[PDB]
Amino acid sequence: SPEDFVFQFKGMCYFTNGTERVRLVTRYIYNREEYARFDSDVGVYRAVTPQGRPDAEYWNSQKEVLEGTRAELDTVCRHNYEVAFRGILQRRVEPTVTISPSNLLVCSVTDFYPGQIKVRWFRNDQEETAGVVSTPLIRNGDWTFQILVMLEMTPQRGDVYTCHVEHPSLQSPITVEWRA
């Protein structure tokens, strides 16, 4: 049978509070098992599993290796934040908000970025919690998200249903109204 053997190396940068907290974690992985790791909060390599004990000891015994990996916290993580991630974190794509019936009402909130969003349903200006079904956040892979929020509905005459969308790109929440 066909088979594969996989090596993965992940140079991962974690950011909190803008630049206040920056943490580099490099991971060495065979198939799906991470066997050796450098964690900048620790400052030396660690064997995640026994199969990484040779490499931790080998790397930790070489001052040039250790200094080189420690430096990457500045030359990779802090560097790429100024070069790339600061700007990417300013990028805003406003969601498109549409209501369509199917009884059930479907609020489609599509093509927004970044991921933080809140979608609320109102009936005659009163928030509706019951009978609401929201998908998880949906990652489109093209640097946009979408989310779909359905509301179970029994409309009286003169009813106004509003879909209420708050997102970092919006000066004020988007409201889309629907009535039978």
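So that there is no doubt, residue numbering starts at 1 and follows the sequence shown.
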For the stretch from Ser102 to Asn103, please bin the deposited residues that the model skips: none, 1 to 3, 4 to 9, or 10 or more. 4 to 9
Per the PDB entry, mean CA B-factor is higher for 63 to 71 or 139 to 147, namely for 63 to 71
Mean C-alpha temperature factor, higher of 126 to 134 and 111 to 119: 126 to 134
Modelled-residue ranking by C-alpha temperature factor, third containing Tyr14: middle
What third of the chain does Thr96 rank in for C-alpha temperature factor, lowest, middle or highest? lowest
Based on the entry's values, in what third of the chain does the Cα temperature factor of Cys163 lie: lowest, middle or highest? middle
Where the record places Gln8 (Cα B-factor, split into thirds across the chain): lowest
Quick one: classify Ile29 as lowest, middle or highest third of the chain based on its Cα B-factor. lowest
